[PDB]
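Peer 1: what shape does this take:
(chains A and B)
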Protein chains: 2
Amino acid sequence: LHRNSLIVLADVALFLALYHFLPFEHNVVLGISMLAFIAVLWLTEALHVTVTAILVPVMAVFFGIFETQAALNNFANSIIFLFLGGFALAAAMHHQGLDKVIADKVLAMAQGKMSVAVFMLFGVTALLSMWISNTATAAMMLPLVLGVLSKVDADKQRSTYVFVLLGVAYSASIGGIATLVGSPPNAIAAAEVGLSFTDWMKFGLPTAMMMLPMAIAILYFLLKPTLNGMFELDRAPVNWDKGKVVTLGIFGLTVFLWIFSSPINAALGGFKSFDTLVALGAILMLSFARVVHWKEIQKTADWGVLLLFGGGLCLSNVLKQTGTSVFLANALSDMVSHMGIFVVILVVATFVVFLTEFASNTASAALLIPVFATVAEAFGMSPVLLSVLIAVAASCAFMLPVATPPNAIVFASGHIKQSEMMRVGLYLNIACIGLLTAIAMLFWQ
Amino acid sequence: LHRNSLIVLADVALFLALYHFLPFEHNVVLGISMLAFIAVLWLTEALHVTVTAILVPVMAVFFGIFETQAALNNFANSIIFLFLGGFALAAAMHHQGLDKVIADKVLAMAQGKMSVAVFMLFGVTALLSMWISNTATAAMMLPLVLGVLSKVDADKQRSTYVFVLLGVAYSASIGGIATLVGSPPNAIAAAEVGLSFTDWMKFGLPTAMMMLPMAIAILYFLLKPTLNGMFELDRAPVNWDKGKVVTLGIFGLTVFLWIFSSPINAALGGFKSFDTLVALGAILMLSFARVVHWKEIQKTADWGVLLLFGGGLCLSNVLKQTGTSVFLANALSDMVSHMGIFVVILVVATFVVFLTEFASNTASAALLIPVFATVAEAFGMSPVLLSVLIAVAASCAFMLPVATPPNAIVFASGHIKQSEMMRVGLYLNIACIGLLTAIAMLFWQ
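Peer 2: Residues are numbered from 1 along each chain as shown, chains lettered A, B, ... in the order given. The relevant structure is shown in the block below.
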């Protein structure tokens, strides 16, 4: 009937074809066919990506790969509860008005001028997206930006609007690249290659600090805003109070425990996933301090993502179990050896940067990381490099707003020409490809 | 500071005392102390029961019982995803207006009279609570009941209001006793003793069909309503349409697969948790049919419960690992042998029926089932009997509304005297104790 309902049927037909017409052994054919099915379903977004994540275990069981519980156990990877603690921190610092207070105090650092306010705004937006999200952050900042522009004389001056808006969106999508929380794809990568919070900050904080000013400069040089007015702000200059102090303290304590996870856990007994224990402890300290109630943590969090992680991990453990990964590596050895690694990561990064502009970041990541990682390539291991690269690229969505929630949230204003966004995102995607290639070549090797 | 924040500290002090002043071996002392801590936290409801469920794994790890992942894996017991499919069915049959249509078509079965409408109402409320919930069901039926009574002449006639209302509440709480879904405690019991959907219906459907008419009769004989008026109904006589037909069909197919799980799964390969695969398949069929979107399944479901299941299961696996269960059985052997099993289940059932009137059903169940089951008693195994008994009793909340969501949802009307509810619930709780004792003695043995 509907378009998606026919995409699903075509995908079933393709699955059956590959299940009947492949000259590989049964198990590898099964893995490949499941992979194609799941990819066609995640990219097209026919079924809500979470539903496909839930179908992966069923597709694995009905075909005798996994036992039911051994497949559903992947919906409980410690990384998921780490992300849950992150969502709880977000719910706290939104219910207690902490983010508004931070952004406002920053807007005061700039007395009344714009030339410095939008830059501080991008910076704070990224600092938030480090923890909260990519969507809620943009939604929280949008009214602030509009109140800022309230005295811009928005007539034949749409350029400054587009600047102050796309800067916010991209700053969020980029601050999502600094922490394991902030953007799902980072957590998918870590779960696949076993990375810790700080072991991923060492990859994502420099990358973001490099990609954010590059983006602001590219925008300022593509569109030419004036940025010379003043601030006729009239909202309440909110102040600190109990509940925000405690929330900030617990937030800082959680971050301090995360960053220093290794020495602490080494001086405590050597727990396995100390970061996740720290996140659950953040939840416990926020509850014991009466600063946030579970109903908020439940309305706020996005559990579809917490099921998508499990789906991606079940897919990875499938490709690992049925031996499909080693076969794909044996098959791609020739192509990876003929050319170099630099061109390999170049094509990978461009593919992913131009894919998530049509698909969802989390789905593309969950689908691609397992392959390029579980391959265990021959000419060069680089098993974490590519995972981090893809997780970063999947967040580099800068073209049309259907690619990322924040882009649409900011496009809803009604004065962002699609063509300007598209060309700016093209320039930015090329720049990000180049930058990621450079970093992967120099730093991460 | 606050009452709950001091309860927590007293509980920590008690935990430390038992951790320092018990003449049992270290591990059993640890288990007992964790048990006391968690019980004091779940009964008092200081921290949202979900938060205590989340604290159980941390409390188990920081004290070296479990590895982190081996403890968090219990948040993915197939029973949880079964309950998730149940929540999805509820979201479908609420978003597609199926429940309203069913209740209205039933209200038409009674032409315009009341003497038969309230009984059909209790019946349909139970039939719904079989699947949807105990709370949403009462909330969905309340406006219908008020529109029914709109022509009751509710002056010196509060008796019929209380009847048509408490009947609804108790019918929901009892229909929650027929299926694994419908009430969490049933799922906790099954997870503890490995019960299937039908293997638990064989316990819960007769029990509910017996306890519901008993309750209606007790009410009719305590308070004396008239039940003689007509129906001046004026709402829209809704009709069927596409979306409701498909939803009903998928619902019936899911139920037919659940009930006949054994022969099917035996003629298919012998999967381990076929019921859970069937629930996930229900989600998949509801999504593929474009009848419900994940956002509704996420707003609707109660994930706190899906974490509470994991908390209770981690507690059970703790008491099993540290050897506390066998020790408690060795200690209670004398008391269980001196008296009989009949008196044992009698005291158990009364304790639980009068406990959940102050605590939450799910928490009391999650706390008590592990003990009385993992004991593996000496004089008589009865390892599933007591689990089912406690799961049924925990739903038998009939006194003051703070015990159960539905009771408060119906008390909000503003014309339900606390004393009448309390005495009616006392009578009903005694009757339910007697009935459960009788059934456990005759049928389940």
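
Peer 1: all contacts plus neighbour counts: C-alpha atoms, from now on.
Peer 2: Noted.

Peer 1: for the residue positioned nearest the centre of chain A, what are phi and psi?
Peer 2: With distances taken as C-alpha atoms, centre = their mean, the residue of chain A nearest its centroid is residue A:183 (2.7 Å). Phi and psi for residue A:183, reported as degrees, to the nearest 10, are phi -150, psi 130.

Peer 1: distance of it from residue A:364?
Peer 2: For residue A:183, the distance to residue A:364 (C-alpha to C-alpha, to the nearest Å) stands at 13 Å.

Peer 1: isn't residue A:373 right up against residue A:384?
Peer 2: Yes - judged on C-alpha atoms under 8 Å, residue A:373 makes contact with residue A:384 at a distance of 7.1 Å.

Peer 1: these two: who's more crowded?
Peer 2: Neighbour comparison, residue A:373 and residue A:384: the larger count goes to residue A:373, with 22 against 19 (by other C-alpha atoms under 10 Å in any protein chain shown).

Peer 1: any idea how far that one is from residue A:399?
Peer 2: Per C-alpha to C-alpha, residue A:373 is found 27 Å from residue A:399.

Peer 1: go on, residue A:9?
Peer 2: Distance, residue A:9 to residue A:399, by C-alpha to C-alpha: 30 Å.

Peer 1: so these two - more neighbours on which side?
Peer 2: Taking neighbours as other C-alpha under 10 Å, residue A:9 and residue A:399 compare with residue A:399 leading, 26 against 12.

Peer 1: and the stretch 1-150 of chain A, which residues reach chain B?
Peer 2: Taking C-alpha under 8 Å from any C-alpha of the partner chain as the contact definition, the stretch 1-150 of chain A meets chain B at A:5, A:8, A:47-48, A:50-51, A:54-55, A:58, A:61, A:67-69, A:72-78.

Peer 1: from those, which land in helices?
Peer 2: Counting by DSSP state H, the part of the residues of the stretch 1-150 of chain A next to chain B found in helices is A:5, A:8, A:50, A:51, A:54, A:55, A:58, A:61, A:68, A:69, A:72, A:78.

Peer 1: got a markdown table for those residues, with neighbour count too?
Peer 2: Shown next, in a markdown table, are those (neighbours: other C-alpha atoms under 10 Å in any protein chain shown):
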| residue | neighbour count |
| --- | --- |
| A:5 | 16 |
| A:8 | 18 |
| A:50 | 22 |
| A:51 | 24 |
| A:54 | 25 |
| A:55 | 19 |
| A:58 | 22 |
| A:61 | 20 |
| A:68 | 22 |
| A:69 | 19 |
| A:72 | 26 |
| A:78 | 24 |
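
Peer 1: who's in contact with stretch A:80-99?
Peer 2: A:100, A:128, A:131-133, A:181-182, A:187, A:243-244, A:247-248, A:251, A:275-280, A:282-283, A:286, A:291-292, A:296-297, A:300-301, A:306, A:309 (C-alpha atoms under 8 Å, 6 or more residues apart in numbering or on different chains).

Peer 1: just the buried members of these?
Peer 2: Neighbour-count burial (16 or more other C-alpha atoms under 10 Å in any protein chain shown) is assigned, among those, to A:100, A:128, A:131-133, A:181-182, A:187, A:243-244, A:247, A:251, A:275-280, A:282-283, A:286, A:291-292, A:296-297, A:300-301, A:306, A:309.

Peer 1: what do residue A:373 and residue A:384 both touch?
Peer 2: residue A:193.

Peer 1: for the residue lying closest to the residue nearest to the centre of chain A once chain neighbours are set aside, what are its contacts?
Peer 2: Distances taken as C-alpha to C-alpha, 6 or more residues apart in numbering or on different chains put residue A:176 closest to residue A:183, at 4.8 Å, once the chain neighbours are dropped. Residue A:176 is in contact with A:126, A:129, A:130, A:131, A:133, A:134, A:182, A:183, A:395, counting by C-alpha under 8 Å, 6+ apart.

Peer 1: determine the longest helix present in chain A.
Peer 2: Taking DSSP H as the criterion, chain A has its longest helix at helix A:197-222.

Peer 1: so which bits of that one are buried?
Peer 2: A:197-201, A:203-205, A:207-216, A:218-220.

Peer 1: what of stretch A:154-174?
Peer 2: Neighbour counts over stretch A:154-174 (16+ other C-alpha under 10 Å) mark A:158-174 as buried.

Peer 1: alpha carbons of it, as PDB, please.
Peer 2: Output in PDB follows, covering the C-alpha atoms of stretch A:154-174 (Å, rounded to 0.1, in the frame of the first residue of the first chain):
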ATOM      1  CA  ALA A 154      15.400  41.400   9.700                       C
ATOM      2  CA  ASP A 155      14.600  43.000   6.300                       C
ATOM      3  CA  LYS A 156      16.900  42.200   3.400                       C
ATOM      4  CA  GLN A 157      19.200  41.000   6.200                       C
ATOM      5  CA  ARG A 158      18.300  37.300   6.300                       C
ATOM      6  CA  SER A 159      22.100  36.500   6.200                       C
ATOM      7  CA  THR A 160      22.700  37.200   9.900                       C
ATOM      8  CA  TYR A 161      19.600  35.100  10.800                       C
ATOM      9  CA  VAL A 162      20.900  32.200   8.800                       C
ATOM     10  CA  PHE A 163      24.300  32.700  10.400                       C
ATOM     11  CA  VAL A 164      23.200  32.800  14.000                       C
ATOM     12  CA  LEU A 165      20.900  29.800  13.300                       C
ATOM     13  CA  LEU A 166      23.100  27.400  11.300                       C
ATOM     14  CA  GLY A 167      25.900  28.200  13.600                       C
ATOM     15  CA  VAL A 168      23.700  27.000  16.500                       C
ATOM     16  CA  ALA A 169      22.700  23.800  14.700                       C
ATOM     17  CA  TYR A 170      26.200  22.900  13.600                       C
ATOM     18  CA  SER A 171      27.600  23.800  17.000                       C
ATOM     19  CA  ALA A 172      25.200  21.300  18.500                       C
ATOM     20  CA  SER A 173      26.000  18.600  16.000                       C
ATOM     21  CA  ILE A 174      29.700  19.200  16.700                       C
END
